[PDB]
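Student: Below you'll find input_5.tsv; it's TSV, C-alpha atoms and all ligand atoms.
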```tsv
chain	number	residue	atom	x	y	z
A	1	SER	CA	-5.81	11.04	-20.27
A	2	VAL	CA	-3.84	9.56	-17.39
A	3	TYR	CA	-0.83	9.45	-19.72
A	4	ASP	CA	-1.04	13.15	-20.59
A	5	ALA	CA	-1.39	13.93	-16.88
A	6	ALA	CA	1.67	11.86	-16.02
A	7	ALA	CA	3.53	13.82	-18.70
A	8	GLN	CA	2.99	16.95	-16.59
A	9	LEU	CA	5.37	15.63	-13.95
A	10	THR	CA	8.46	17.47	-15.16
A	11	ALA	CA	11.96	17.39	-13.67
A	12	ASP	CA	11.21	20.33	-11.38
A	13	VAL	CA	7.89	18.87	-10.25
A	14	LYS	CA	9.46	15.50	-9.47
A	15	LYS	CA	12.24	17.15	-7.47
A	16	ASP	CA	9.76	19.10	-5.34
A	17	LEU	CA	7.72	15.95	-4.73
A	18	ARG	CA	10.80	14.01	-3.58
A	19	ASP	CA	12.23	16.80	-1.44
A	20	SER	CA	8.99	17.37	0.44
A	21	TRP	CA	8.22	13.65	0.69
A	22	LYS	CA	11.53	13.07	2.49
A	23	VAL	CA	10.04	15.12	5.32
A	24	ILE	CA	6.35	14.24	5.38
A	25	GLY	CA	6.94	10.59	4.59
A	26	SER	CA	9.23	10.21	7.61
A	27	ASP	CA	6.22	10.09	9.95
A	28	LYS	CA	3.56	8.09	8.14
A	29	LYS	CA	1.37	7.44	11.17
A	30	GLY	CA	1.44	11.04	12.39
A	31	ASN	CA	1.05	12.79	9.04
A	32	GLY	CA	-1.31	10.17	7.64
A	33	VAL	CA	-3.79	10.64	10.46
A	34	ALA	CA	-3.34	14.42	10.22
A	35	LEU	CA	-4.22	14.26	6.53
A	36	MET	CA	-7.44	12.32	7.23
A	37	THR	CA	-8.57	14.30	10.27
A	38	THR	CA	-8.12	17.50	8.25
A	39	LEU	CA	-10.16	16.07	5.37
A	40	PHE	CA	-13.02	15.18	7.73
A	41	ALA	CA	-12.88	18.51	9.56
A	42	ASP	CA	-12.75	20.70	6.43
A	43	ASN	CA	-15.10	18.54	4.33
A	44	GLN	CA	-17.62	16.93	6.67
A	45	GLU	CA	-19.68	15.81	3.67
A	46	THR	CA	-17.08	13.14	2.88
A	47	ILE	CA	-17.31	11.36	6.26
A	48	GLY	CA	-20.20	9.21	5.03
A	49	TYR	CA	-17.92	7.35	2.63
A	50	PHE	CA	-15.78	6.16	5.55
A	51	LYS	CA	-18.51	4.27	7.42
A	52	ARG	CA	-16.26	1.22	7.85
A	53	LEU	CA	-13.79	3.18	9.99
A	54	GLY	CA	-16.33	3.91	12.71
A	55	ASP	CA	-16.01	7.13	14.72
A	56	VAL	CA	-13.36	9.08	12.79
A	57	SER	CA	-13.55	11.96	15.28
A	58	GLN	CA	-11.50	9.79	17.65
A	59	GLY	CA	-8.49	10.25	15.38
A	60	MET	CA	-5.33	8.43	16.47
A	61	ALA	CA	-7.34	6.51	19.09
A	62	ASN	CA	-9.35	4.80	16.35
A	63	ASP	CA	-7.44	1.65	15.33
A	64	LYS	CA	-9.23	1.31	11.99
A	65	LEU	CA	-8.47	4.93	11.11
A	66	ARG	CA	-4.82	4.56	12.09
A	67	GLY	CA	-4.43	1.40	10.00
A	68	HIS	CA	-6.11	3.09	7.05
A	69	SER	CA	-4.02	6.24	7.41
A	70	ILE	CA	-0.67	4.45	7.57
A	71	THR	CA	-1.60	2.40	4.51
A	72	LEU	CA	-2.63	5.52	2.60
A	73	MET	CA	0.88	6.88	3.17
A	74	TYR	CA	2.34	3.77	1.56
A	75	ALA	CA	0.23	4.44	-1.52
A	76	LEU	CA	1.95	7.82	-1.77
A	77	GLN	CA	5.36	6.19	-1.16
A	78	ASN	CA	4.50	3.86	-4.05
A	79	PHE	CA	3.72	6.81	-6.35
A	80	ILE	CA	6.97	8.58	-5.46
A	81	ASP	CA	9.04	5.45	-6.12
A	82	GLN	CA	7.44	5.12	-9.58
A	83	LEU	CA	8.22	8.64	-10.79
A	84	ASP	CA	11.20	7.46	-12.87
A	85	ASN	CA	9.03	5.19	-15.01
A	86	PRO	CA	5.73	6.63	-16.32
A	87	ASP	CA	4.44	3.21	-17.42
A	88	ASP	CA	4.76	1.87	-13.88
A	89	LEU	CA	3.37	5.03	-12.31
A	90	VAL	CA	0.28	4.70	-14.49
A	91	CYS	CA	-0.42	1.05	-13.67
A	92	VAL	CA	-0.22	1.68	-9.91
A	93	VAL	CA	-2.35	4.82	-10.18
A	94	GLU	CA	-5.00	2.85	-12.08
A	95	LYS	CA	-4.92	0.17	-9.37
A	96	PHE	CA	-5.76	2.71	-6.67
A	97	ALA	CA	-8.24	4.46	-8.96
A	98	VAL	CA	-10.27	1.26	-9.08
A	99	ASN	CA	-10.28	1.17	-5.26
A	100	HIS	CA	-12.02	4.54	-5.35
A	101	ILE	CA	-14.25	4.00	-8.38
A	102	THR	CA	-15.85	1.07	-6.54
A	103	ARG	CA	-16.48	3.43	-3.62
A	104	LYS	CA	-18.27	5.86	-5.94
A	105	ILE	CA	-15.59	8.55	-5.60
A	106	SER	CA	-15.46	11.04	-8.49
A	107	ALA	CA	-12.45	12.99	-9.75
A	108	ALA	CA	-13.96	16.13	-8.22
A	109	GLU	CA	-14.37	14.63	-4.76
A	110	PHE	CA	-10.96	12.96	-4.84
A	111	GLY	CA	-9.57	16.44	-5.46
A	112	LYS	CA	-10.86	17.56	-2.06
A	113	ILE	CA	-7.65	16.04	-0.69
A	114	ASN	CA	-5.67	18.99	-2.06
A	115	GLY	CA	-6.83	21.24	0.77
A	116	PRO	CA	-5.60	18.87	3.52
A	117	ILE	CA	-2.32	18.26	1.68
A	118	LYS	CA	-1.61	21.97	1.41
A	119	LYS	CA	-2.40	22.43	5.10
A	120	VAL	CA	-0.15	19.68	6.45
A	121	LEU	CA	2.59	20.76	4.03
A	122	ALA	CA	2.22	24.30	5.39
A	123	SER	CA	2.60	23.04	8.97
A	124	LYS	CA	5.99	21.63	7.94
A	125	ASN	CA	7.03	24.91	6.32
A	126	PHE	CA	6.40	23.80	2.72
A	127	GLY	CA	4.48	26.47	0.84
A	128	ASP	CA	2.35	26.80	-2.27
A	129	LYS	CA	5.23	25.70	-4.50
A	130	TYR	CA	5.04	22.23	-2.97
A	131	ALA	CA	1.25	22.18	-2.62
A	132	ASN	CA	1.01	22.78	-6.36
A	133	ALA	CA	3.48	19.99	-7.12
A	134	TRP	CA	1.34	17.60	-5.15
A	135	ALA	CA	-1.78	18.83	-6.91
A	136	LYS	CA	-0.18	17.69	-10.17
A	137	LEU	CA	0.36	14.18	-8.81
A	138	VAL	CA	-3.19	14.06	-7.47
A	139	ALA	CA	-4.31	15.12	-10.96
A	140	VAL	CA	-2.87	11.90	-12.40
A	141	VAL	CA	-5.20	9.90	-10.16
A	142	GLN	CA	-8.10	12.18	-11.03
A	143	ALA	CA	-7.55	11.47	-14.73
A	144	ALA	CA	-8.16	7.78	-14.01
A	145	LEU	CA	-11.43	8.24	-12.11
B	1	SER	CA	-5.29	-13.09	19.00
B	2	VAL	CA	-3.50	-11.19	16.24
B	3	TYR	CA	-1.72	-9.20	18.92
B	4	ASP	CA	-0.42	-12.44	20.45
B	5	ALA	CA	0.86	-13.66	17.09
B	6	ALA	CA	2.56	-10.30	16.51
B	7	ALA	CA	3.94	-9.78	20.01
B	8	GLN	CA	5.63	-13.17	19.68
B	9	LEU	CA	7.84	-12.16	16.71
B	10	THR	CA	11.30	-12.21	18.32
B	11	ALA	CA	14.42	-10.09	17.85
B	12	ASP	CA	16.03	-12.86	15.80
B	13	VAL	CA	12.97	-13.33	13.60
B	14	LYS	CA	12.70	-9.58	12.99
B	15	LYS	CA	16.40	-9.50	12.11
B	16	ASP	CA	15.99	-12.24	9.50
B	17	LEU	CA	12.89	-10.54	8.08
B	18	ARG	CA	14.62	-7.19	7.74
B	19	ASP	CA	17.84	-8.67	6.31
B	20	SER	CA	16.00	-10.62	3.63
B	21	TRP	CA	13.61	-7.78	2.82
B	22	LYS	CA	16.59	-5.49	2.16
B	23	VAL	CA	17.17	-7.71	-0.86
B	24	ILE	CA	13.80	-8.97	-2.07
B	25	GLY	CA	12.21	-5.62	-1.30
B	26	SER	CA	14.78	-3.75	-3.41
B	27	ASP	CA	13.16	-4.85	-6.68
B	28	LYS	CA	9.45	-4.65	-5.96
B	29	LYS	CA	8.34	-4.89	-9.58
B	30	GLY	CA	10.51	-7.88	-10.41
B	31	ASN	CA	10.03	-9.83	-7.20
B	32	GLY	CA	6.38	-8.86	-6.88
B	33	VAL	CA	5.51	-10.27	-10.28
B	34	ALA	CA	7.68	-13.33	-9.58
B	35	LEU	CA	5.70	-14.02	-6.40
B	36	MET	CA	2.35	-13.82	-8.19
B	37	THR	CA	3.39	-15.85	-11.24
B	38	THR	CA	4.79	-18.54	-8.94
B	39	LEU	CA	1.53	-18.61	-6.97
B	40	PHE	CA	-0.39	-19.15	-10.20
B	41	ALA	CA	2.05	-21.78	-11.44
B	42	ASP	CA	2.03	-23.92	-8.30
B	43	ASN	CA	-1.57	-23.26	-7.21
B	44	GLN	CA	-3.60	-23.00	-10.41
B	45	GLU	CA	-6.83	-23.22	-8.40
B	46	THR	CA	-6.29	-19.61	-7.27
B	47	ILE	CA	-6.24	-18.09	-10.76
B	48	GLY	CA	-10.02	-17.66	-10.71
B	49	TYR	CA	-9.87	-15.28	-7.73
B	50	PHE	CA	-7.87	-12.81	-9.82
B	51	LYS	CA	-10.24	-12.36	-12.76
B	52	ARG	CA	-10.04	-8.56	-12.44
B	53	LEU	CA	-6.40	-8.76	-13.50
B	54	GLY	CA	-7.21	-10.36	-16.85
B	55	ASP	CA	-4.82	-12.87	-18.41
B	56	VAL	CA	-2.20	-13.40	-15.71
B	57	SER	CA	-0.12	-15.60	-18.01
B	58	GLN	CA	0.96	-12.33	-19.66
B	59	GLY	CA	3.23	-11.65	-16.70
B	60	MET	CA	5.11	-8.36	-16.68
B	61	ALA	CA	3.31	-7.22	-19.86
B	62	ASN	CA	-0.05	-7.28	-18.06
B	63	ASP	CA	-0.33	-3.76	-16.62
B	64	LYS	CA	-3.06	-4.75	-14.16
B	65	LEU	CA	-0.98	-7.64	-12.84
B	66	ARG	CA	2.09	-5.40	-12.64
B	67	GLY	CA	0.19	-2.71	-10.75
B	68	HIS	CA	-1.21	-5.28	-8.35
B	69	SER	CA	2.17	-6.94	-7.80
B	70	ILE	CA	4.00	-3.71	-7.05
B	71	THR	CA	1.29	-2.66	-4.61
B	72	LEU	CA	1.42	-6.04	-2.86
B	73	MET	CA	5.12	-5.44	-2.19
B	74	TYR	CA	4.27	-2.17	-0.44
B	75	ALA	CA	1.87	-4.04	1.82
B	76	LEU	CA	4.86	-6.15	2.84
B	77	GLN	CA	6.99	-3.01	3.15
B	78	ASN	CA	4.31	-1.68	5.50
B	79	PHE	CA	4.48	-4.83	7.65
B	80	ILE	CA	8.28	-4.76	7.85
B	81	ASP	CA	8.31	-1.10	8.90
B	82	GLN	CA	5.82	-1.78	11.74
B	83	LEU	CA	7.70	-4.74	13.27
B	84	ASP	CA	8.87	-2.87	16.38
B	85	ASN	CA	5.41	-1.62	17.36
B	86	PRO	CA	2.92	-4.52	17.61
B	87	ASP	CA	0.03	-2.07	18.04
B	88	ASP	CA	0.74	-0.51	14.65
B	89	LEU	CA	1.49	-3.86	13.02
B	90	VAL	CA	-1.83	-5.21	14.24
B	91	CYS	CA	-3.91	-2.36	12.84
B	92	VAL	CA	-2.30	-2.55	9.39
B	93	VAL	CA	-2.62	-6.36	9.35
B	94	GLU	CA	-6.32	-6.12	10.21
B	95	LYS	CA	-6.76	-3.58	7.41
B	96	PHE	CA	-5.35	-5.95	4.80
B	97	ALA	CA	-7.18	-8.88	6.37
B	98	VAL	CA	-10.47	-7.15	5.56
B	99	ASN	CA	-9.37	-6.81	1.92
B	100	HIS	CA	-9.11	-10.60	1.80
B	101	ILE	CA	-12.07	-11.47	4.01
B	102	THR	CA	-14.29	-9.59	1.55
B	103	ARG	CA	-12.94	-11.87	-1.19
B	104	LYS	CA	-13.67	-14.98	0.88
B	105	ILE	CA	-10.00	-15.90	1.30
B	106	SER	CA	-9.61	-18.26	4.27
B	107	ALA	CA	-6.61	-18.47	6.58
B	108	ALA	CA	-5.64	-21.75	4.93
B	109	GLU	CA	-5.78	-20.28	1.42
B	110	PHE	CA	-3.83	-17.20	2.46
B	111	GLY	CA	-1.13	-19.58	3.66
B	112	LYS	CA	-0.64	-20.79	0.09
B	113	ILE	CA	1.65	-17.77	-0.34
B	114	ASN	CA	4.33	-19.47	1.77
B	115	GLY	CA	5.42	-21.71	-1.09
B	116	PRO	CA	6.01	-18.79	-3.49
B	117	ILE	CA	7.77	-16.75	-0.80
B	118	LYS	CA	10.12	-19.65	-0.06
B	119	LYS	CA	10.98	-19.96	-3.77
B	120	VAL	CA	11.56	-16.24	-4.26
B	121	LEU	CA	13.76	-16.17	-1.15
B	122	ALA	CA	15.71	-19.17	-2.42
B	123	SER	CA	16.35	-17.42	-5.75
B	124	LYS	CA	18.39	-14.90	-3.75
B	125	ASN	CA	20.00	-17.62	-1.61
B	126	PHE	CA	17.93	-17.09	1.53
B	127	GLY	CA	17.37	-20.54	3.01
B	128	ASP	CA	14.84	-22.31	5.21
B	129	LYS	CA	15.60	-20.16	8.26
B	130	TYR	CA	14.38	-17.12	6.34
B	131	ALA	CA	11.37	-18.93	4.88
B	132	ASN	CA	10.40	-19.90	8.43
B	133	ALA	CA	10.69	-16.28	9.54
B	134	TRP	CA	8.36	-15.18	6.75
B	135	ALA	CA	5.91	-17.95	7.58
B	136	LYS	CA	5.69	-16.46	11.07
B	137	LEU	CA	4.81	-13.06	9.59
B	138	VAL	CA	2.20	-14.62	7.31
B	139	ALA	CA	0.82	-16.36	10.41
B	140	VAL	CA	0.07	-12.95	11.94
B	141	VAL	CA	-2.25	-12.23	9.02
B	142	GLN	CA	-3.77	-15.71	9.27
B	143	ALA	CA	-4.67	-14.97	12.90
B	144	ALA	CA	-6.95	-12.25	11.53
B	145	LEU	CA	-8.62	-14.49	8.94
C	201	LIG	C1	-3.81	11.30	-1.68
C	201	LIG	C2	-5.13	10.80	-1.96
C	201	LIG	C3	-5.61	9.53	-1.63
C	201	LIG	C4	-4.94	8.33	-1.63
C	201	LIG	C5	-3.49	8.08	-2.06
C	201	LIG	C6	-5.90	7.32	-1.22
C	201	LIG	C7	-5.56	5.99	-0.94
C	201	LIG	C8	-6.44	5.05	-0.40
C	201	LIG	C9	-6.10	3.67	-0.09
C	201	LIG	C10	-4.73	3.03	-0.19
C	201	LIG	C11	-7.24	3.07	0.32
C	201	LIG	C12	-7.46	1.61	0.68
C	201	LIG	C13	-8.01	0.86	-0.53
C	201	LIG	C14	-8.68	-0.45	-0.15
C	201	LIG	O1	-8.09	-1.20	0.66
C	201	LIG	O2	-9.78	-0.72	-0.66
C	201	LIG	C15	-8.29	4.06	0.29
C	201	LIG	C16	-9.61	3.81	0.66
C	201	LIG	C17	-10.65	4.72	0.57
C	201	LIG	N1	-10.54	6.01	0.09
C	201	LIG	FE1	-8.85	6.96	-0.45
C	201	LIG	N2	-7.15	7.88	-1.02
C	201	LIG	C18	-6.99	9.24	-1.26
C	201	LIG	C19	-8.02	10.20	-1.26
C	201	LIG	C20	-9.36	9.93	-1.02
C	201	LIG	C21	-10.43	10.91	-1.00
C	201	LIG	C22	-10.22	12.42	-1.20
C	201	LIG	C23	-11.61	10.25	-0.72
C	201	LIG	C24	-12.89	10.77	-0.48
C	201	LIG	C25	-13.42	12.05	-0.91
C	201	LIG	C26	-11.25	8.84	-0.58
C	201	LIG	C27	-12.16	7.83	-0.27
C	201	LIG	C28	-11.83	6.52	0.09
C	201	LIG	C29	-12.76	5.54	0.64
C	201	LIG	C30	-14.27	5.71	0.84
C	201	LIG	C31	-12.03	4.44	0.94
C	201	LIG	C32	-12.53	3.18	1.61
C	201	LIG	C33	-12.24	3.14	3.10
C	201	LIG	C34	-12.65	1.82	3.73
C	201	LIG	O3	-13.87	1.54	3.77
C	201	LIG	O4	-11.76	1.07	4.16
C	201	LIG	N3	-9.87	8.66	-0.73
C	201	LIG	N4	-7.80	5.27	-0.16
C	202	LIG	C1	1.97	-12.13	1.32
C	202	LIG	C2	0.53	-12.24	1.29
C	202	LIG	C3	-0.35	-11.37	0.63
C	202	LIG	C4	-0.36	-10.00	0.65
C	202	LIG	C5	0.63	-9.10	1.38
C	202	LIG	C6	-1.50	-9.58	-0.15
C	202	LIG	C7	-1.80	-8.25	-0.46
C	202	LIG	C8	-2.85	-7.83	-1.28
C	202	LIG	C9	-3.18	-6.46	-1.58
C	202	LIG	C10	-2.41	-5.23	-1.10
C	202	LIG	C11	-4.29	-6.48	-2.36
C	202	LIG	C12	-5.11	-5.31	-2.90
C	202	LIG	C13	-6.31	-5.08	-2.00
C	202	LIG	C14	-7.35	-4.19	-2.64
C	202	LIG	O1	-6.97	-3.15	-3.21
C	202	LIG	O2	-8.56	-4.52	-2.55
C	202	LIG	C15	-4.64	-7.87	-2.57
C	202	LIG	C16	-5.78	-8.30	-3.29
C	202	LIG	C17	-6.20	-9.62	-3.42
C	202	LIG	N1	-5.57	-10.70	-2.81
C	202	LIG	FE1	-3.87	-10.69	-1.71
C	202	LIG	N2	-2.20	-10.68	-0.62
C	202	LIG	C18	-1.49	-11.78	-0.16
C	202	LIG	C19	-1.85	-13.11	-0.39
C	202	LIG	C20	-3.00	-13.53	-1.08
C	202	LIG	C21	-3.34	-14.93	-1.34
C	202	LIG	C22	-2.47	-16.14	-1.02
C	202	LIG	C23	-4.53	-14.93	-2.01
C	202	LIG	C24	-5.26	-16.01	-2.55
C	202	LIG	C25	-5.27	-17.38	-2.10
C	202	LIG	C26	-4.91	-13.54	-2.17
C	202	LIG	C27	-6.06	-13.12	-2.85
C	202	LIG	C28	-6.35	-11.79	-3.17
C	202	LIG	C29	-7.42	-11.40	-4.06
C	202	LIG	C30	-8.45	-12.32	-4.72
C	202	LIG	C31	-7.32	-10.07	-4.23
C	202	LIG	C32	-8.18	-9.20	-5.14
C	202	LIG	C33	-7.48	-8.87	-6.44
C	202	LIG	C34	-8.25	-7.86	-7.27
C	202	LIG	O3	-9.33	-8.20	-7.78
C	202	LIG	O4	-7.77	-6.71	-7.39
C	202	LIG	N3	-3.95	-12.69	-1.62
C	202	LIG	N4	-3.75	-8.69	-1.88
C	203	LIG	CL1	5.68	16.08	1.16
C	203	LIG	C1	4.18	15.30	0.59
C	203	LIG	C2	3.27	15.24	1.78
C	203	LIG	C3	1.96	14.59	1.36
C	203	LIG	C4	1.16	14.51	2.61
C	203	LIG	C5	1.03	13.27	3.20
C	203	LIG	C6	0.33	13.15	4.38
C	203	LIG	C7	-0.23	14.27	4.98
C	203	LIG	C8	-0.10	15.52	4.38
C	203	LIG	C9	0.60	15.65	3.18
```
Let me see the structure of the file written as structure tokens.
Tutor:
Amino acid sequence: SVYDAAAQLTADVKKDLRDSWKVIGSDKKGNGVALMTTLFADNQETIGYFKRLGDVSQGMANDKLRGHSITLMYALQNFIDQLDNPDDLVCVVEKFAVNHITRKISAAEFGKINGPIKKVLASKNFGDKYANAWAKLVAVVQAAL
Amino acid sequence: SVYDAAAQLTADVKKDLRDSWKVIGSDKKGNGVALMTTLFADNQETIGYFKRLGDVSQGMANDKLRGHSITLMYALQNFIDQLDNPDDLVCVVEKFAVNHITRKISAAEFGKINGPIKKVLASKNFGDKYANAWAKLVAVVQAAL
């Protein structure tokens, strides 16, 4: 249940999401591309899904990848801004869930993003505490897939 | 090219865009739904393109329409944040252009959004000068369609 998952975002979890987002969300192009390049490097088996982006190994030099990466960061910004209202968080999560269901992405494969998130968070000095908070938000999307 | 359309956005135009977005972008849910409902009211021929959203006459109560509307406002947020770097603006514009090209939305049809934008701006007392500024931004997307 996406609603039961959203209910897991307690006061402490929301605070950790906001505090860390203030830092990682300040450089959407840089951190967005880092997130994607890490996903492709650590989980090569997912590259096939991103055929439209061309050669993803080019990273920042790939215009399609950069555009995709920046936009992905705005999806996260959207989620963060909706934390106050669970009904609005759910309707935006379901909107993005559809974007992935049409791409044949399962809850299990969507969860492969947790590794990259933990890694980039770690590079900014945000440990497991924060990685786990983000895993809870990702879990809301997983519940809708 | 799209780059030409973007690179032409002047300091004054960017100023008007940012000043007006400070206001209309502050209530993404309210203004996002207002934009969509106005599009459907004045251009009923476009309703068919949004069948995935269900009964759009439901307005705010329609969770799919609400989720779509909020997300659309973040696409605009994305554009506004990239104004000072044409290279970044171009790659995000091309990304969203693909989302509409796949739906067979022509440059002319995409331009139908100018009417609704002008009305929403006017509701907050932003006149023709501002509507013209936004038409120039919409024109950047049209250059990609
Ligand atoms: C924090 C997690 C993630 C977020 C917020 C997210 C967000 C997005 C957004 C905003 C889009 C563009 C939607 C569209 O325009 O159709 C997208 C596209 C896509 N995503 Fe994700 N995504 C995430 C994780 C993943 C993961 C882990 C996979 C794969 C295992 C995945 C696979 C895809 C694919 C295949 C596309 C289509 C790319 C294209 O052809 O343009 N996403 N995602
Ligand atoms: C300010 C201009 C506009 C912006 C920023 C915008 C933004 C968006 C975004 C972000 C999406 C979701 C893309 C996806 O997830 O696949 C979308 C979908 C769509 N847009 Fe637009 N759009 C604009 C104008 C228009 C206009 C004027 C039309 C029609 C004449 C249009 C038709 C569509 C359609 C048919 C969809 C698919 C809806 C669905 O089935 O989910 N858009 N738009
Ligand atoms: Cl503070 C939350 C950071 C989420 C994230 C976004 C992009 C890349 C890595 C992590």
Student: For ligand LIG 203 (chain C), collect every residue having any atom at a distance of at most 9 Å from a ligand atom (counting all atoms listed in the file); output as JSON, numbers by chain.
Tutor: {"A": [16, 17, 18, 19, 20, 21, 22, 23, 24, 25, 27, 28, 29, 30, 31, 32, 33, 34, 35, 36, 69, 72, 73, 76, 114, 116, 117, 118, 119, 120, 121, 124, 126, 130, 131, 134]}
Student: Quick one: which residues from chain A are at most 9 Å off chain B, using all atoms listed in the file, as a list in words?
Tutor: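 Output check: residues 29, 63, 64, 65, 66, 67, 68, 70, 71, 74, 75, 77, 78, 87, 88, 89, 90, 91, 92, 93, 94 and 95 of chain A.
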Student: With distances taken over only C-alpha atoms, which of A:144, A:5, A:44, A:14 is nearest to residue 81 (chain A)?
Tutor: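 Once distances to residue 81 (chain A) are computed over only C-alpha atoms, the minimum belongs to A:14.
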Student: Could you work out how far CA of residue 111 (chain B) lies from atom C20 of ligand LIG 202 (chain C), giving the answer in Å with one decimal?
Tutor: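 Interatomic distance here is 7.9 Å.
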Student: Calculated over all atoms listed in the file, which of the candidates B:136, B:101, B:108, B:55 has the smallest distance to ligand LIG 201 (chain C)?
Tutor: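 Closest residue, counting all atoms listed in the file: B:101.
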Student: Give me, as a list in words, the set of residues whose atoms come within 6 Å of any atom of ligand LIG 201 (chain C), counting all atoms listed in the file.
Tutor: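 Those residues are residues 46, 49, 50, 52, 71, 72, 75, 76, 99, 100, 103, 109, 110, 111, 112 and 113 of chain A; 99 of chain B.
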Student: Could you tell me which of B:61, B:56, B:133, B:47 comes closest to ligand LIG 202 (chain C) if we count all atoms listed in the file?
Tutor: B:47
Student: For ligand LIG 202 (chain C), what centre and edge lengths in Å (one decimal) does the axis-aligned box get once 4 Å is added on each side of all its listed atoms, as AutoDock Vina command-line options?
Tutor:
```
--center_x -3.7 --center_y -10.3 --center_z -3.2 --size_x 19.3 --size_y 22.2 --size_z 17.2
```
Student: Nearest residue to ligand LIG 202 (chain C) out of B:8, B:38, B:85, B:125, using only C-alpha atoms and all ligand atoms?
Tutor: B:38
Student: Mind pulling up the distance from CA of residue 115 (chain B) to atom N4 of ligand LIG 202 (chain C)?
Tutor: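 These atoms are spaced 15.9 Å apart.
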Student: Which value, in Å to one decimal, gives the distance between CA of residue 138 (chain A) and atom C27 of ligand LIG 202 (chain C)?
Tutor: 27.7 Å
Student: Considering all atoms listed in the file, state which residue in the set A:51, A:123, A:102, A:129 is at the smallest distance from ligand LIG 202 (chain C).
Tutor: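 Checking each of A:51, A:123, A:102, A:129 against ligand LIG 202 (chain C), counting all atoms listed in the file, the winner is A:102.
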Student: Skip residue 145 (chain A) itself and residues of its chain fewer than 3 positions away, then list as a list in words all residues within 8 Å of it, counting only C-alpha atoms.
Tutor: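 So the residues in contact are residues 97, 98, 100, 101, 105, 106, 107, 141 and 142 of chain A.
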